[PDB]
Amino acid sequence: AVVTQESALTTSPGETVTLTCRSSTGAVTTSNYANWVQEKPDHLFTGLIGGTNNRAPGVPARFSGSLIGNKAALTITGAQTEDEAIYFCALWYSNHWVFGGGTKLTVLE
């Protein structure tokens, strides 16, 4: 399976933005345990969302995961400069994880 994510998205501070995660094999369901991970400059990775919509302890409340249509989605409500990073989604396919290509989110200040 191939996991696809938008390549790059640009937003401005205070806007609402949504990132998607699509599966090659069909609809993303709750059986794929969609994970959202963030990579900040300096190879700094932090887990945001796991099991489709469970937010990790310490993640600001403006991050929310859900299933929109036939895709896993990460919504950032009121984007901040600190949110400029690369967001990777990962899908579980019965015996292995497949990571998407990542989305470079630019917050224009």
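A residue's number is simply how far along the shown sequence it sits, counting from 1.
- Look at the mean CA B-factor for 23-31 and for 78-86 in the entry; the higher one is 23-31.
- Per the PDB record, residue ranking by Cα B-factor puts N70 in the highest third of the chain.
- Sort the modelled residues of the chain by CA B factor and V37 lands in the lowest third.
- Compared with the other modelled residues of the chain, the Cα B-factor recorded for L44 ranks in the highest third.
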